[PDB]
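Data file: data_27.cif. Format and content: mmCIF, C-alpha atoms.
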data_coords
#
loop_
_atom_site.label_atom_id
_atom_site.label_comp_id
_atom_site.auth_asym_id
_atom_site.auth_seq_id
_atom_site.Cartn_x
_atom_site.Cartn_y
_atom_site.Cartn_z
CA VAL V 9 15.39 0.37 2.15
CA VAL V 10 15.25 -1.35 5.54
CA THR V 11 15.76 2.04 7.23
CA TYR V 12 12.76 3.53 5.41
CA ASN V 13 10.66 0.38 5.89
CA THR V 14 11.45 0.35 9.61
CA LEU V 15 10.46 3.97 10.26
CA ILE V 16 7.43 3.83 7.94
CA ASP V 17 6.20 0.75 9.80
CA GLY V 18 6.68 2.46 13.16
CA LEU V 19 4.75 5.52 12.04
CA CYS V 20 1.96 3.37 10.60
CA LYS V 21 1.60 1.34 13.81
CA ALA V 22 1.37 4.66 15.65
CA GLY V 23 -1.28 6.03 13.29
CA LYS V 24 0.94 8.85 12.03
CA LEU V 25 -0.16 8.43 8.52
CA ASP V 26 0.51 11.80 7.08
CA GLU V 27 4.09 11.41 8.29
CA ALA V 28 4.31 7.92 6.86
CA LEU V 29 3.08 9.20 3.50
CA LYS V 30 5.72 11.95 3.39
CA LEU V 31 8.44 9.36 4.03
CA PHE V 32 6.98 7.06 1.36
CA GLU V 33 7.03 9.94 -1.12
CA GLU V 34 10.63 10.76 -0.16
CA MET V 35 11.59 7.11 -0.78
CA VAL V 36 10.12 7.17 -4.29
CA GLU V 37 11.61 10.57 -5.13
CA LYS V 38 15.13 9.46 -4.17
CA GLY V 39 14.73 6.27 -6.20
CA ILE V 40 14.65 3.96 -3.16
CA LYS V 41 11.97 1.62 -4.51
CA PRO V 42 9.21 0.61 -2.06
CA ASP V 43 8.96 -3.17 -1.77
CA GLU V 44 6.21 -5.51 -0.59
CA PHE V 45 6.99 -4.71 3.05
CA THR V 46 6.61 -0.96 2.43
CA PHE V 47 3.23 -1.41 0.76
CA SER V 48 2.07 -3.94 3.38
CA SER V 49 2.82 -1.65 6.34
CA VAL V 50 0.98 1.31 4.86
CA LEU V 51 -2.04 -0.59 3.50
CA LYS V 52 -2.46 -2.51 6.76
CA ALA V 53 -2.68 0.74 8.72
CA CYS V 54 -5.02 2.25 6.14
CA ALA V 55 -7.32 -0.76 6.61
CA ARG V 56 -7.10 -0.55 10.41
CA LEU V 57 -7.79 3.20 10.50
CA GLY V 58 -10.18 3.66 7.56
CA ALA V 59 -7.67 5.83 5.67
CA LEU V 60 -9.36 5.53 2.29
CA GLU V 61 -7.61 8.53 0.73
CA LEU V 62 -4.13 7.27 1.60
CA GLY V 63 -5.01 3.73 0.51
CA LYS V 64 -6.16 5.02 -2.88
CA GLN V 65 -2.95 7.04 -3.23
CA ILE V 66 -0.85 3.97 -2.42
CA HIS V 67 -2.81 1.98 -5.02
CA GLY V 68 -1.67 4.56 -7.57
CA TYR V 69 1.97 3.95 -6.64
CA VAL V 70 1.49 0.17 -6.88
CA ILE V 71 0.39 0.58 -10.51
CA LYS V 72 3.48 2.71 -11.22
CA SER V 73 5.96 0.32 -9.70
CA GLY V 74 6.34 -3.22 -10.78
CA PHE V 75 4.05 -4.68 -8.24
CA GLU V 76 1.24 -5.56 -10.54
CA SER V 77 1.92 -9.19 -9.91
CA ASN V 78 2.67 -9.28 -6.23
CA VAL V 79 0.06 -11.28 -4.34
CA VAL V 80 0.98 -10.00 -0.93
CA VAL V 81 0.52 -6.43 -2.06
CA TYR V 82 -2.72 -7.12 -3.92
CA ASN V 83 -4.11 -9.05 -0.94
CA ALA V 84 -3.32 -5.98 1.18
CA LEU V 85 -5.13 -3.74 -1.33
CA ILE V 86 -8.23 -5.97 -1.19
CA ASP V 87 -8.11 -5.93 2.63
CA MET V 88 -7.80 -2.12 2.69
CA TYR V 89 -10.71 -1.51 0.31
CA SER V 90 -12.80 -4.08 2.12
CA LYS V 91 -12.30 -2.64 5.51
CA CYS V 92 -13.03 0.80 4.18
CA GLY V 93 -16.35 -0.44 2.82
CA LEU V 94 -15.36 -0.11 -0.86
CA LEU V 95 -16.27 -3.63 -1.88
CA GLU V 96 -16.60 -2.82 -5.60
CA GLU V 97 -13.02 -1.54 -5.70
CA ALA V 98 -11.94 -4.60 -3.72
CA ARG V 99 -13.62 -6.95 -6.19
CA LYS V 100 -11.97 -5.14 -9.11
CA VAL V 101 -8.49 -5.67 -7.63
CA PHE V 102 -9.37 -9.35 -7.10
CA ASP V 103 -10.59 -9.63 -10.65
CA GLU V 104 -7.50 -8.12 -12.19
CA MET V 105 -5.10 -10.30 -10.30
CA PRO V 106 -3.18 -12.81 -12.37
CA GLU V 107 -2.77 -15.35 -9.51
CA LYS V 108 -4.92 -15.47 -6.37
CA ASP V 109 -4.36 -17.68 -3.33
#
Write out the structure in this file as structure tokens.
Amino acid sequence: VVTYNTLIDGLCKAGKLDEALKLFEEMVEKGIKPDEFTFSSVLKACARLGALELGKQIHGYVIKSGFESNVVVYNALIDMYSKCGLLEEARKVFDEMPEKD
């Protein structure tokens, strides 16, 4: 998992988001579960670069995995939607969260 997280983070910091997405998909397909660091790296770059389509796709994976309770991940979702100008989606994530900080 650290191997995937390390290369995904490097690609995200470099703005190579299509490549990062393909690695994220490969992770999931092999059964190497993304963790809060995986989601954080991708969503942070989506927020920085306005990558709304990738951020929405990642949101779909969050719902599949068991991260519907992770505050770090849901904070990163709110930040991504916010920075992309989708404040109604951001508010919805906030509203569905069991525990905010």
Point out the residue among V:60, V:105, V:40, V:54 with the least atom-to-atom distance to residue 11 in chain V, counting all atoms listed in the file.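 Of all the options, V:40 lies closest to residue 11 in chain V.
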Residue 58 in chain V proximity check over V:103, V:87, V:34, V:43, using all atoms listed in the file: winner is V:87
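Applied to this file, the PyMOL selection byres ((chain V and resi 73-75) around 10) selects residues 36, 41, 42, 43, 44, 47, 68, 69, 70, 71, 72, 76, 77, 78, 79, 80, 81 and 82 of chain V.
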Distance query range 24-33 of chain V at most 8 Å, all atoms listed in the file, self and fewer than 6 positions along chain excluded, as a PyMOL selection string:
chain V and resi 12+16-17+42+50+62
How would the residues just chosen look if you wrote them out with C-alpha atoms as a tab-separated table (two decimals), keeping the file's coordinate frame?
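The result, stored in selection-v6.tsv:
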chain	number	residue	atom	x	y	z
V	12	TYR	CA	12.76	3.53	5.41
V	16	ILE	CA	7.43	3.83	7.94
V	17	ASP	CA	6.20	0.75	9.80
V	42	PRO	CA	9.21	0.61	-2.06
V	50	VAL	CA	0.98	1.31	4.86
V	62	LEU	CA	-4.13	7.27	1.60
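Each of V:9, V:15, V:20, V:55 was compared to residue 98 in chain V using all atoms listed in the file, and V:55 turns out to be the nearest.
Neighbouring residues of residue 23 in chain V at 8 Å or closer, counting all atoms listed in the file and skipping chain neighbours under 4 positions away, are residues 19, 53 and 57 of chain V.
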Between CA of residue 65 in chain V and CA of residue 46 in chain V lies a distance of 13.7 Å
Enter the distance from CA of residue 35 in chain V to CA of residue 90 in chain V, in Å, rounded to one decimal.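 Computing it gives 27.0 Å between the two atoms.
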Can you patch up range 89-108 of chain V, filling it in to N, CA, C and O atoms, and show the result as a JSON list (two decimals), in the frame of the given file?
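Saved to selection24.json:
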[["chain", "number", "residue", "atom", "x", "y", "z"],
["V", 89, "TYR", "N", -9.42, -1.92, 0.87],
["V", 89, "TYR", "CA", -10.71, -1.51, 0.31],
["V", 89, "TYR", "C", -11.87, -2.14, 1.07],
["V", 89, "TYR", "O", -12.88, -1.48, 1.35],
["V", 90, "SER", "N", -11.74, -3.40, 1.42],
["V", 90, "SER", "CA", -12.80, -4.08, 2.12],
["V", 90, "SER", "C", -13.13, -3.44, 3.45],
["V", 90, "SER", "O", -14.25, -3.18, 3.75],
["V", 91, "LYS", "N", -12.10, -3.20, 4.22],
["V", 91, "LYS", "CA", -12.30, -2.64, 5.51],
["V", 91, "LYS", "C", -12.80, -1.21, 5.45],
["V", 91, "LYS", "O", -13.39, -0.75, 6.38],
["V", 92, "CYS", "N", -12.55, -0.54, 4.34],
["V", 92, "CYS", "CA", -13.03, 0.80, 4.18],
["V", 92, "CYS", "C", -14.43, 0.82, 3.59],
["V", 92, "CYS", "O", -14.96, 1.84, 3.35],
["V", 93, "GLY", "N", -15.01, -0.34, 3.36],
["V", 93, "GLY", "CA", -16.35, -0.44, 2.82],
["V", 93, "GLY", "C", -16.46, -0.24, 1.33],
["V", 93, "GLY", "O", -17.58, -0.03, 0.84],
["V", 94, "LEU", "N", -15.35, -0.28, 0.60],
["V", 94, "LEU", "CA", -15.36, -0.11, -0.86],
["V", 94, "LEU", "C", -15.24, -1.48, -1.53],
["V", 94, "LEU", "O", -14.21, -1.84, -2.10],
["V", 95, "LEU", "N", -16.33, -2.24, -1.45],
["V", 95, "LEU", "CA", -16.27, -3.63, -1.88],
["V", 95, "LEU", "C", -16.22, -3.76, -3.40],
["V", 95, "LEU", "O", -15.73, -4.79, -3.90],
["V", 96, "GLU", "N", -16.70, -2.76, -4.14],
["V", 96, "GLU", "CA", -16.60, -2.82, -5.60],
["V", 96, "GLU", "C", -15.16, -2.61, -6.04],
["V", 96, "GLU", "O", -14.68, -3.29, -6.96],
["V", 97, "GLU", "N", -14.44, -1.67, -5.41],
["V", 97, "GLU", "CA", -13.02, -1.54, -5.70],
["V", 97, "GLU", "C", -12.25, -2.78, -5.29],
["V", 97, "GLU", "O", -11.32, -3.19, -5.97],
["V", 98, "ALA", "N", -12.61, -3.38, -4.15],
["V", 98, "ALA", "CA", -11.94, -4.60, -3.72],
["V", 98, "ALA", "C", -12.14, -5.73, -4.73],
["V", 98, "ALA", "O", -11.19, -6.44, -5.07],
["V", 99, "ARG", "N", -13.36, -5.90, -5.21],
["V", 99, "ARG", "CA", -13.62, -6.95, -6.19],
["V", 99, "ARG", "C", -12.86, -6.71, -7.48],
["V", 99, "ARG", "O", -12.40, -7.67, -8.11],
["V", 100, "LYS", "N", -12.71, -5.45, -7.89],
["V", 100, "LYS", "CA", -11.97, -5.14, -9.11],
["V", 100, "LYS", "C", -10.51, -5.53, -8.98],
["V", 100, "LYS", "O", -9.93, -6.08, -9.92],
["V", 101, "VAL", "N", -9.88, -5.26, -7.83],
["V", 101, "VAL", "CA", -8.49, -5.67, -7.63],
["V", 101, "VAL", "C", -8.38, -7.18, -7.72],
["V", 101, "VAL", "O", -7.48, -7.72, -8.39],
["V", 102, "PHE", "N", -9.28, -7.89, -7.03],
["V", 102, "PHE", "CA", -9.37, -9.35, -7.10],
["V", 102, "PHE", "C", -9.50, -9.83, -8.55],
["V", 102, "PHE", "O", -8.81, -10.77, -8.96],
["V", 103, "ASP", "N", -10.36, -9.20, -9.31],
["V", 103, "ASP", "CA", -10.59, -9.63, -10.65],
["V", 103, "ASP", "C", -9.44, -9.39, -11.59],
["V", 103, "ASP", "O", -9.31, -10.08, -12.55],
["V", 104, "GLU", "N", -8.61, -8.41, -11.32],
["V", 104, "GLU", "CA", -7.50, -8.12, -12.19],
["V", 104, "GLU", "C", -6.25, -8.88, -11.84],
["V", 104, "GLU", "O", -5.29, -8.83, -12.55],
["V", 105, "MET", "N", -6.26, -9.56, -10.71],
["V", 105, "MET", "CA", -5.10, -10.30, -10.30],
["V", 105, "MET", "C", -4.85, -11.50, -11.17],
["V", 105, "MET", "O", -5.72, -12.24, -11.45],
["V", 106, "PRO", "N", -3.49, -11.61, -11.56],
["V", 106, "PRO", "CA", -3.18, -12.81, -12.37],
["V", 106, "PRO", "C", -3.22, -14.11, -11.58],
["V", 106, "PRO", "O", -3.60, -15.14, -12.15],
["V", 107, "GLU", "N", -2.83, -14.12, -10.30],
["V", 107, "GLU", "CA", -2.77, -15.35, -9.51],
["V", 107, "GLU", "C", -3.23, -15.08, -8.08],
["V", 107, "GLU", "O", -2.51, -14.44, -7.31],
["V", 108, "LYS", "N", -4.39, -15.61, -7.72],
["V", 108, "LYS", "CA", -4.92, -15.47, -6.37],
["V", 108, "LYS", "C", -4.51, -16.68, -5.52],
["V", 108, "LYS", "O", -4.13, -17.73, -6.05]]
